[PDB]
Every structure is written in structure tokens, then in C-alpha cells.
file start_37.cif (mmCIF, N, CA, C and O atoms)
data_final
loop_
_atom_site.label_atom_id
_atom_site.label_comp_id
_atom_site.auth_asym_id
_atom_site.auth_seq_id
_atom_site.Cartn_x
_atom_site.Cartn_y
_atom_site.Cartn_z
N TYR A 1 103.10 79.03 90.46
CA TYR A 1 102.45 77.87 91.06
C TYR A 1 103.03 77.61 92.44
O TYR A 1 104.24 77.47 92.58
N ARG A 2 102.18 77.54 93.46
CA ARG A 2 102.62 77.01 94.74
C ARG A 2 102.57 75.50 94.68
O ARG A 2 101.49 74.93 94.55
N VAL A 3 103.71 74.84 94.83
CA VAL A 3 103.77 73.40 94.65
C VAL A 3 103.75 72.78 96.03
O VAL A 3 104.76 72.74 96.72
N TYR A 4 102.60 72.24 96.42
CA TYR A 4 102.50 71.53 97.68
C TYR A 4 102.79 70.07 97.44
O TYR A 4 102.43 69.52 96.40
N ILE A 5 103.46 69.45 98.37
CA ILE A 5 103.65 68.01 98.29
C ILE A 5 102.38 67.34 98.78
O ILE A 5 101.60 67.92 99.53
N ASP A 6 102.12 66.15 98.29
CA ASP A 6 101.20 65.23 98.93
C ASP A 6 102.07 64.08 99.40
O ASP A 6 102.47 63.23 98.61
N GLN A 7 102.34 64.04 100.70
CA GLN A 7 103.38 63.14 101.17
C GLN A 7 102.93 61.69 101.17
O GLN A 7 103.78 60.80 101.24
N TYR A 8 101.63 61.44 101.07
CA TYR A 8 101.09 60.10 100.94
C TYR A 8 100.46 60.05 99.56
O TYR A 8 99.38 60.60 99.35
N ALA A 9 101.12 59.38 98.62
CA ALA A 9 100.70 59.43 97.23
C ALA A 9 100.57 58.00 96.74
O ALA A 9 101.58 57.30 96.60
N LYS A 10 99.35 57.58 96.47
CA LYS A 10 99.14 56.15 96.25
C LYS A 10 99.64 55.72 94.89
O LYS A 10 100.05 54.58 94.72
N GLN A 11 99.63 56.62 93.91
CA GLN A 11 100.40 56.34 92.71
C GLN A 11 101.41 57.43 92.45
O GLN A 11 102.58 57.30 92.80
N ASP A 12 100.93 58.51 91.86
CA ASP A 12 101.70 59.70 91.56
C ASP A 12 100.77 60.63 90.82
O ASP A 12 99.82 60.17 90.17
N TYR A 13 101.06 61.93 90.87
CA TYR A 13 100.22 62.91 90.18
C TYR A 13 100.63 64.34 90.46
O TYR A 13 101.55 64.58 91.24
N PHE A 14 99.99 65.28 89.79
CA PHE A 14 100.02 66.67 90.22
C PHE A 14 98.65 67.27 89.94
O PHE A 14 98.13 67.10 88.84
N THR A 15 98.08 67.95 90.91
CA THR A 15 96.73 68.49 90.79
C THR A 15 96.82 70.01 90.71
O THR A 15 97.00 70.67 91.73
N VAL A 16 96.61 70.56 89.53
CA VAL A 16 96.78 72.00 89.35
C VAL A 16 95.48 72.68 89.75
O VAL A 16 94.43 72.40 89.19
N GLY A 17 95.55 73.56 90.75
CA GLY A 17 94.37 74.10 91.37
C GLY A 17 94.11 75.55 91.02
O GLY A 17 94.65 76.10 90.06
N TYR A 18 93.22 76.16 91.80
CA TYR A 18 93.09 77.60 91.85
C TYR A 18 92.68 77.99 93.26
O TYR A 18 91.81 77.35 93.85
N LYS A 19 93.31 79.02 93.80
CA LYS A 19 92.84 79.64 95.03
C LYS A 19 92.90 81.15 94.85
O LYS A 19 93.99 81.72 94.73
N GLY A 20 91.74 81.80 94.87
CA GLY A 20 91.68 83.21 94.63
C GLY A 20 92.24 83.98 95.80
O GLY A 20 92.75 83.42 96.77
N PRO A 21 92.16 85.31 95.71
CA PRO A 21 92.51 86.12 96.88
C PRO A 21 91.53 85.95 98.02
O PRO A 21 91.94 85.84 99.18
N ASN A 22 90.23 85.90 97.72
CA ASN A 22 89.23 85.76 98.76
C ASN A 22 89.16 84.32 99.25
O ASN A 22 89.55 83.38 98.56
N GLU A 23 88.65 84.15 100.46
CA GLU A 23 88.27 82.82 100.90
C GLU A 23 86.95 82.38 100.30
O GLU A 23 86.57 81.21 100.44
N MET A 24 86.23 83.29 99.64
CA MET A 24 85.01 82.92 98.95
C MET A 24 85.31 82.20 97.65
O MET A 24 84.55 81.31 97.25
N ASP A 25 86.39 82.56 96.98
CA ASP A 25 86.74 82.00 95.69
C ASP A 25 87.77 80.92 95.95
O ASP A 25 88.96 81.19 96.09
N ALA A 26 87.31 79.67 95.97
CA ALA A 26 88.14 78.57 96.40
C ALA A 26 88.00 77.37 95.49
O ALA A 26 88.95 76.94 94.84
N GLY A 27 86.80 76.81 95.47
CA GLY A 27 86.52 75.54 94.84
C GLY A 27 86.24 74.44 95.81
O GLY A 27 85.66 73.42 95.42
N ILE A 28 86.65 74.60 97.07
CA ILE A 28 86.14 73.78 98.16
C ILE A 28 86.31 74.59 99.43
O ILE A 28 87.26 75.36 99.57
N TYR A 29 85.39 74.42 100.37
CA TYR A 29 85.39 75.20 101.59
C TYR A 29 85.54 74.26 102.77
O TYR A 29 84.72 73.37 102.96
N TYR A 30 86.57 74.48 103.57
CA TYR A 30 86.67 73.80 104.86
C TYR A 30 86.22 74.78 105.92
O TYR A 30 86.98 75.67 106.30
N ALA A 31 85.04 74.55 106.46
CA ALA A 31 84.44 75.49 107.39
C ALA A 31 84.42 74.88 108.78
O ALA A 31 83.58 74.01 109.04
N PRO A 32 85.28 75.30 109.70
CA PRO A 32 85.26 74.74 111.05
C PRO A 32 84.08 75.28 111.83
O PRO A 32 83.74 76.45 111.74
N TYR A 33 83.47 74.42 112.64
CA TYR A 33 82.31 74.80 113.42
C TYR A 33 82.61 74.81 114.91
O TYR A 33 82.51 75.86 115.55
N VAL A 34 82.97 73.67 115.48
CA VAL A 34 83.56 73.60 116.81
C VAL A 34 84.91 72.92 116.67
O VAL A 34 85.23 72.36 115.62
N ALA A 35 85.73 73.03 117.70
CA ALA A 35 87.09 72.51 117.61
C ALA A 35 87.43 71.70 118.85
O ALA A 35 87.49 72.25 119.96
N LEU A 36 87.64 70.40 118.66
CA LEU A 36 88.33 69.52 119.61
C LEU A 36 87.90 69.78 121.04
O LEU A 36 88.72 69.96 121.93
N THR A 37 86.60 69.82 121.26
CA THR A 37 86.15 69.96 122.64
C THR A 37 86.53 68.71 123.40
O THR A 37 85.96 67.65 123.12
N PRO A 38 87.45 68.77 124.36
CA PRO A 38 87.86 67.55 125.05
C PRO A 38 86.79 67.11 126.02
O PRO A 38 86.16 67.93 126.68
N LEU A 39 86.58 65.80 126.11
CA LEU A 39 85.60 65.23 127.01
C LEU A 39 86.28 64.20 127.89
O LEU A 39 87.23 63.55 127.48
N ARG A 40 85.79 64.08 129.12
CA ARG A 40 86.35 63.14 130.07
C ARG A 40 85.23 62.36 130.73
O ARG A 40 84.06 62.73 130.64
N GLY A 41 85.60 61.28 131.40
CA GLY A 41 84.63 60.49 132.14
C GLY A 41 85.32 59.29 132.73
O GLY A 41 86.48 59.00 132.45
N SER A 42 84.58 58.59 133.59
CA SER A 42 85.06 57.35 134.18
C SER A 42 83.90 56.38 134.27
O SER A 42 82.87 56.72 134.85
N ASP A 43 84.07 55.20 133.73
CA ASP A 43 82.97 54.25 133.77
C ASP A 43 82.90 53.66 135.17
O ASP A 43 83.83 52.95 135.58
N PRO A 44 81.84 53.91 135.94
CA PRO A 44 81.84 53.51 137.35
C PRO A 44 81.83 52.03 137.57
O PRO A 44 82.03 51.59 138.71
N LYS A 45 81.57 51.22 136.55
CA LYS A 45 81.75 49.78 136.70
C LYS A 45 83.19 49.46 137.04
O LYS A 45 83.48 48.81 138.05
N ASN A 46 84.12 49.87 136.17
CA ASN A 46 85.54 49.63 136.34
C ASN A 46 86.34 50.83 136.84
O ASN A 46 87.53 50.68 137.09
N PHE A 47 85.73 52.01 136.99
CA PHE A 47 86.36 53.21 137.52
C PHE A 47 87.50 53.77 136.68
O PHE A 47 88.03 54.82 137.03
N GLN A 48 87.87 53.13 135.64
CA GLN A 48 89.10 53.62 135.01
C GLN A 48 88.79 54.63 133.91
O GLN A 48 87.86 54.44 133.13
N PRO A 49 89.59 55.69 133.83
CA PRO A 49 89.17 56.87 133.08
C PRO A 49 89.14 56.63 131.59
O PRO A 49 90.05 56.03 131.02
N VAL A 50 88.08 57.11 130.96
CA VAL A 50 87.99 57.19 129.51
C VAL A 50 87.96 58.66 129.15
O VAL A 50 87.53 59.51 129.93
N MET A 51 88.42 58.97 127.94
CA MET A 51 88.47 60.34 127.49
C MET A 51 88.18 60.36 126.00
O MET A 51 88.35 59.35 125.32
N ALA B 1 99.58 17.34 158.50
CA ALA B 1 100.57 16.52 157.82
C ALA B 1 101.31 17.28 156.73
O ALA B 1 102.16 16.70 156.06
N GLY B 2 100.99 18.56 156.53
CA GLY B 2 101.64 19.35 155.52
C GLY B 2 101.15 19.11 154.11
O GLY B 2 101.59 19.81 153.20
N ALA B 3 100.26 18.15 153.91
CA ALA B 3 99.74 17.90 152.57
C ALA B 3 99.05 19.14 152.03
O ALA B 3 99.41 19.66 150.97
N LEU B 4 98.07 19.62 152.75
CA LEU B 4 97.20 20.69 152.31
C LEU B 4 97.49 21.88 153.21
O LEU B 4 97.04 21.91 154.36
N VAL B 5 98.20 22.86 152.69
CA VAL B 5 98.68 23.97 153.50
C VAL B 5 97.77 25.14 153.19
O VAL B 5 96.85 25.01 152.37
N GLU B 6 98.00 26.29 153.81
CA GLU B 6 97.01 27.35 153.86
C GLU B 6 97.66 28.65 153.41
O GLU B 6 98.75 28.97 153.87
N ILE B 7 97.01 29.37 152.49
CA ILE B 7 97.59 30.58 151.91
C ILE B 7 96.55 31.68 151.73
O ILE B 7 95.35 31.46 151.85
N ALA B 8 97.07 32.86 151.43
CA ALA B 8 96.33 34.03 150.99
C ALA B 8 97.17 34.71 149.94
O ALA B 8 98.36 34.93 150.17
N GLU B 9 96.60 35.05 148.80
CA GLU B 9 97.40 35.75 147.81
C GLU B 9 96.65 36.97 147.29
O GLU B 9 95.55 37.29 147.74
N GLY B 10 97.28 37.66 146.37
CA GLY B 10 96.77 38.90 145.84
C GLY B 10 95.97 38.68 144.59
O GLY B 10 95.30 37.66 144.44
N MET B 11 96.03 39.65 143.69
CA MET B 11 95.30 39.59 142.43
C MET B 11 96.24 40.04 141.33
O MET B 11 96.78 41.15 141.41
N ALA B 12 96.43 39.21 140.32
CA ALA B 12 97.34 39.57 139.25
C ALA B 12 96.96 40.92 138.67
O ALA B 12 95.83 41.12 138.25
N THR B 13 97.92 41.84 138.63
CA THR B 13 97.60 43.19 138.17
C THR B 13 97.16 43.23 136.72
O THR B 13 96.79 44.29 136.24
N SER B 14 97.22 42.10 136.01
CA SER B 14 96.55 42.02 134.73
C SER B 14 95.05 41.84 134.90
O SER B 14 94.27 42.38 134.12
N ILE B 15 94.64 41.08 135.91
CA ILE B 15 93.23 40.85 136.17
C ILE B 15 92.61 42.04 136.87
O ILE B 15 91.53 42.50 136.51
N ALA B 16 93.28 42.53 137.91
CA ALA B 16 92.72 43.61 138.70
C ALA B 16 92.50 44.85 137.86
O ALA B 16 91.56 45.60 138.08
N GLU B 17 93.40 45.08 136.91
CA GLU B 17 93.33 46.28 136.11
C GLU B 17 91.99 46.39 135.40
O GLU B 17 91.30 47.40 135.50
N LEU B 18 91.60 45.34 134.70
CA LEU B 18 90.29 45.28 134.07
C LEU B 18 89.40 44.42 134.93
O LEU B 18 89.50 43.19 134.93
N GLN B 19 88.50 45.06 135.67
CA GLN B 19 87.66 44.32 136.59
C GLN B 19 86.28 44.93 136.51
O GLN B 19 86.13 46.15 136.69
N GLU B 20 85.28 44.09 136.26
CA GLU B 20 83.93 44.52 135.93
C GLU B 20 83.93 45.37 134.66
O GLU B 20 83.81 46.59 134.68
N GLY B 21 84.13 44.67 133.55
CA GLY B 21 83.85 45.23 132.26
C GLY B 21 84.74 46.38 131.84
O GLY B 21 84.25 47.47 131.57
N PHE B 22 86.04 46.15 131.81
CA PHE B 22 86.95 47.09 131.20
C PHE B 22 87.65 46.38 130.05
O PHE B 22 87.84 45.16 130.09
N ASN B 23 88.00 47.14 129.02
CA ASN B 23 88.80 46.62 127.91
C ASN B 23 88.15 45.40 127.26
O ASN B 23 88.82 44.56 126.67
N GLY B 24 86.84 45.28 127.38
CA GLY B 24 86.10 44.24 126.72
C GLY B 24 85.83 43.00 127.55
O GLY B 24 84.97 42.20 127.17
N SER B 25 86.52 42.82 128.67
CA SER B 25 86.24 41.68 129.52
C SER B 25 84.84 41.80 130.11
O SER B 25 84.25 42.88 130.13
N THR B 26 84.31 40.68 130.59
CA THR B 26 83.02 40.71 131.25
C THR B 26 82.92 39.52 132.21
O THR B 26 83.83 38.70 132.29
N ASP B 27 81.80 39.45 132.92
CA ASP B 27 81.46 38.40 133.87
C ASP B 27 82.31 38.42 135.13
O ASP B 27 82.14 37.54 135.98
N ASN B 28 83.22 39.38 135.29
CA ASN B 28 84.16 39.42 136.40
C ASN B 28 83.89 40.63 137.27
O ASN B 28 84.47 41.70 137.07
N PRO B 29 83.00 40.53 138.24
CA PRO B 29 82.71 41.67 139.11
C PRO B 29 83.82 41.91 140.11
O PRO B 29 84.67 41.05 140.35
N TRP B 30 83.81 43.11 140.70
CA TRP B 30 84.50 43.31 141.95
C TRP B 30 83.72 42.64 143.07
O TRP B 30 82.53 42.34 142.93
N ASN B 31 84.37 42.42 144.19
CA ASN B 31 83.66 41.99 145.37
C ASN B 31 83.29 43.18 146.24
O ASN B 31 84.05 44.14 146.36
N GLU B 32 82.12 43.12 146.86
CA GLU B 32 81.55 44.25 147.55
C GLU B 32 81.33 43.90 149.01
O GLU B 32 81.32 42.73 149.39
N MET B 33 81.15 44.93 149.83
CA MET B 33 80.79 44.72 151.22
C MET B 33 79.70 45.71 151.62
O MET B 33 79.85 46.91 151.37
N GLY B 34 78.62 45.22 152.22
CA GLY B 34 77.59 46.06 152.78
C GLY B 34 77.60 46.04 154.29
O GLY B 34 78.55 45.61 154.94
N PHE B 35 76.51 46.56 154.86
CA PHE B 35 76.22 46.37 156.28
C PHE B 35 74.75 46.05 156.42
O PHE B 35 74.03 45.93 155.43
N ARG B 36 74.27 45.91 157.65
CA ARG B 36 72.95 45.32 157.79
C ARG B 36 71.98 46.08 158.71
O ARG B 36 70.96 46.56 158.23
N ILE B 37 72.28 46.21 160.00
CA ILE B 37 71.45 46.94 160.97
C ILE B 37 70.08 46.31 161.17
O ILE B 37 69.07 46.81 160.66
N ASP B 38 70.02 45.22 161.91
CA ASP B 38 68.77 44.61 162.33
C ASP B 38 68.65 44.71 163.84
O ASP B 38 69.66 44.78 164.55
N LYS B 39 67.42 44.70 164.35
CA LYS B 39 67.16 45.11 165.73
C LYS B 39 66.60 43.97 166.56
O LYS B 39 66.09 42.98 166.05
N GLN B 40 66.72 44.12 167.88
CA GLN B 40 66.13 43.24 168.87
C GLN B 40 65.13 44.00 169.72
O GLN B 40 65.13 45.23 169.77
N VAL B 41 64.27 43.25 170.39
CA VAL B 41 63.20 43.83 171.18
C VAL B 41 62.93 42.95 172.40
O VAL B 41 62.79 41.74 172.27
N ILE B 42 62.79 43.58 173.57
CA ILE B 42 62.44 42.85 174.78
C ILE B 42 61.12 43.38 175.31
O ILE B 42 60.67 44.46 174.93
N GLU B 43 60.48 42.59 176.17
CA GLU B 43 59.20 42.92 176.78
C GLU B 43 59.37 42.84 178.28
O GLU B 43 60.20 42.08 178.78
N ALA B 44 58.56 43.59 179.02
CA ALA B 44 58.66 43.58 180.47
C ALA B 44 57.62 42.62 181.03
O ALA B 44 56.43 42.90 181.00
N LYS B 45 58.09 41.50 181.57
CA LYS B 45 57.20 40.53 182.18
C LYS B 45 57.00 40.88 183.65
O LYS B 45 57.94 41.29 184.32
N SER B 46 55.78 40.72 184.13
CA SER B 46 55.44 41.14 185.48
C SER B 46 55.62 39.97 186.43
O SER B 46 56.02 38.88 186.04
N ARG B 47 55.29 40.20 187.70
CA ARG B 47 55.55 39.25 188.77
C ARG B 47 54.95 39.80 190.06
O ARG B 47 54.86 41.03 190.20
N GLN B 48 54.60 38.95 191.02
CA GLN B 48 53.74 39.45 192.09
C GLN B 48 53.39 38.35 193.09
O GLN B 48 53.39 37.17 192.75
N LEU B 49 53.03 38.77 194.30
CA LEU B 49 52.53 37.87 195.35
C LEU B 49 51.48 38.60 196.18
O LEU B 49 51.16 39.76 195.94
N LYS B 50 51.02 37.92 197.22
CA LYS B 50 49.82 38.23 197.98
C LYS B 50 50.06 37.75 199.40
O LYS B 50 50.99 36.97 199.64
N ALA B 51 49.26 38.21 200.36
CA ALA B 51 49.41 37.62 201.69
C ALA B 51 48.09 37.23 202.32
O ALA B 51 47.81 36.05 202.51
#

call {"tool": "encode", "arguments": {"input": "start_37.cif", "output": "C-alpha cells"}}
result
Amino acid sequence: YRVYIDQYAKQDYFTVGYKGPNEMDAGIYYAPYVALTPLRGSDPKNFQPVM
Amino acid sequence: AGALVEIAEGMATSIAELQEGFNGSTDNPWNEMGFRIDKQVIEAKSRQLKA
């Protein structure tokens, strides 16, 4: 068993999982699509930068 | 008589920082300056004699 902590635990527990060799065999999929595209701008009313 | 004296002051950097709708404030515009460019026109009046 790989024992991961859950460092924020509202009561207490242990969740026994499964993760196969493949990324196909999981039980939940976290699929990233785009990543943290930074955006910038300045509101010309007050000129002060927002991001 | 020194009763009513005459001054010029700055702008509190708390006010100036948020000016014209920053950080939720409103109704407080910046002050602006334009220009104008209006024209004048003259006419040539005549004059004359005889003998």
C-alpha cells in the first residue's frame, strides 16, 4: 500500500484505493487541457494593472 | 488680517491610488485637461475719394 497523507482531514479516515499500471485503469481521471495561461491588463479608468 | 490664508496641497496617496473606480470606489473621477482651437476672421473694408 502506498500510504498518502491527507494533510487537511476534517475528521479522520483512510481511503483504500486502486491505481493500475496504466493511466487508463484508474477510477478517476484528471485530464489537463490548458495550463495557467497568464493574462494581463490595465483598466484605463484607473490605469492600475490587473492580472 | 491673517484670518483666511491661502494654500495648495496634494492628494492623499490613499485617495490618489484608487481614482476613478479602482478597488470598488466610485464617483471619484480624475481631473482632465483639453484644448480648444477656435478661430477669428477679419474683412477688408474699402475707402475712397474723388476730385

call {"tool": "interface_residues", "arguments": {"input": "start_37.cif", "of": "chain B", "to": "chain A", "cutoff": "10 Å", "atoms": "only C-alpha atoms", "output": "number ranges by chain"}}
result
B: 16-23, 29-30

call {"tool": "atom_distance", "arguments": {"input": "start_37.cif", "atom1": "atom CA of residue B:14", "atom2": "atom CA of residue A:51"}}
result
21.3 Å

call {"tool": "atom_distance", "arguments": {"input": "start_37.cif", "atom1": "atom N of residue A:14", "atom2": "atom C of residue A:2"}}
result
11.6 Å

call {"tool": "select_by_dssp", "arguments": {"input": "start_37.cif", "residues": "chain B", "states": "helix (DSSP H, G or I)", "output": "number ranges by chain"}}
result
B: 13-17

call {"tool": "write_last_selection", "arguments": {"input": "start_37.cif", "atoms": "N, CA, C and O atoms", "output": "JSON list (two decimals), keeping the file's coordinate frame"}}
result
[["chain", "number", "residue", "atom", "x", "y", "z"],
["B", 13, "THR", "N", 97.92, 41.84, 138.63],
["B", 13, "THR", "CA", 97.60, 43.19, 138.17],
["B", 13, "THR", "C", 97.16, 43.23, 136.72],
["B", 13, "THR", "O", 96.79, 44.29, 136.24],
["B", 14, "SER", "N", 97.22, 42.10, 136.01],
["B", 14, "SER", "CA", 96.55, 42.02, 134.73],
["B", 14, "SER", "C", 95.05, 41.84, 134.90],
["B", 14, "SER", "O", 94.27, 42.38, 134.12],
["B", 15, "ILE", "N", 94.64, 41.08, 135.91],
["B", 15, "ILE", "CA", 93.23, 40.85, 136.17],
["B", 15, "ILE", "C", 92.61, 42.04, 136.87],
["B", 15, "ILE", "O", 91.53, 42.50, 136.51],
["B", 16, "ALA", "N", 93.28, 42.53, 137.91],
["B", 16, "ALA", "CA", 92.72, 43.61, 138.70],
["B", 16, "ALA", "C", 92.50, 44.85, 137.86],
["B", 16, "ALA", "O", 91.56, 45.60, 138.08],
["B", 17, "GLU", "N", 93.40, 45.08, 136.91],
["B", 17, "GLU", "CA", 93.33, 46.28, 136.11],
["B", 17, "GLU", "C", 91.99, 46.39, 135.40],
["B", 17, "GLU", "O", 91.30, 47.40, 135.50]]

call {"tool": "select_by_dssp", "arguments": {"input": "start_37.cif", "residues": "chain A", "states": "strand (DSSP E)", "output": "count of residues only"}}
result
4

call {"tool": "atom_distance", "arguments": {"input": "start_37.cif", "atom1": "atom N of residue A:41", "atom2": "atom C of residue B:11"}}
result
25.7 Å

call {"tool": "decode", "arguments": {"input": "start_37.cif", "residues": "stretch 6-43 of chain A", "atoms": "C-alpha atoms", "output": "PDB file, in the first residue's frame"}}
result
ATOM      1  CA  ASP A   6      -4.362  13.856   3.514  1.00  0.00           C
ATOM      2  CA  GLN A   7      -2.969  16.800   5.380  1.00  0.00           C
ATOM      3  CA  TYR A   8      -6.369  18.504   5.696  1.00  0.00           C
ATOM      4  CA  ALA A   9      -8.620  15.923   7.312  1.00  0.00           C
ATOM      5  CA  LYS A  10     -11.946  17.127   8.572  1.00  0.00           C
ATOM      6  CA  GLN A  11     -12.479  14.111  10.761  1.00  0.00           C
ATOM      7  CA  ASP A  12     -10.211  11.149  10.122  1.00  0.00           C
ATOM      8  CA  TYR A  13     -10.129   8.203   7.731  1.00  0.00           C
ATOM      9  CA  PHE A  14      -8.208   6.025   5.327  1.00  0.00           C
ATOM     10  CA  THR A  15      -9.326   5.543   1.729  1.00  0.00           C
ATOM     11  CA  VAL A  16      -8.015   2.310   0.245  1.00  0.00           C
ATOM     12  CA  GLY A  17      -7.716   2.805  -3.491  1.00  0.00           C
ATOM     13  CA  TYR A  18      -6.519   1.181  -6.663  1.00  0.00           C
ATOM     14  CA  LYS A  19      -4.209   2.550  -9.332  1.00  0.00           C
ATOM     15  CA  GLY A  20      -3.275   0.175 -12.104  1.00  0.00           C
ATOM     16  CA  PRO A  21      -0.121   0.235 -14.169  1.00  0.00           C
ATOM     17  CA  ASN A  22      -1.854   2.100 -16.985  1.00  0.00           C
ATOM     18  CA  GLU A  23      -3.213   5.603 -16.757  1.00  0.00           C
ATOM     19  CA  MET A  24      -6.348   4.097 -18.297  1.00  0.00           C
ATOM     20  CA  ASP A  25      -7.025   1.938 -15.244  1.00  0.00           C
ATOM     21  CA  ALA A  26      -7.573   4.480 -12.503  1.00  0.00           C
ATOM     22  CA  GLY A  27     -11.061   5.067 -11.198  1.00  0.00           C
ATOM     23  CA  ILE A  28     -10.851   8.799 -11.746  1.00  0.00           C
ATOM     24  CA  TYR A  29      -9.131  10.765 -14.492  1.00  0.00           C
ATOM     25  CA  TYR A  30      -7.553  14.172 -14.074  1.00  0.00           C
ATOM     26  CA  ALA A  31      -7.132  15.312 -17.649  1.00  0.00           C
ATOM     27  CA  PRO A  32      -5.372  18.670 -18.097  1.00  0.00           C
ATOM     28  CA  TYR A  33      -6.423  20.662 -21.138  1.00  0.00           C
ATOM     29  CA  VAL A  34      -4.707  24.057 -20.913  1.00  0.00           C
ATOM     30  CA  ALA A  35      -2.416  25.207 -18.123  1.00  0.00           C
ATOM     31  CA  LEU A  36      -2.292  28.526 -16.283  1.00  0.00           C
ATOM     32  CA  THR A  37      -2.293  30.797 -19.274  1.00  0.00           C
ATOM     33  CA  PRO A  38      -1.336  34.098 -17.610  1.00  0.00           C
ATOM     34  CA  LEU A  39      -3.366  37.135 -18.588  1.00  0.00           C
ATOM     35  CA  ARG A  40      -2.636  40.809 -18.043  1.00  0.00           C
ATOM     36  CA  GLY A  41      -4.412  44.111 -18.489  1.00  0.00           C
ATOM     37  CA  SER A  42      -4.930  47.594 -17.131  1.00  0.00           C
ATOM     38  CA  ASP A  43      -8.297  49.177 -16.571  1.00  0.00           C
TER      39      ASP A  43
END
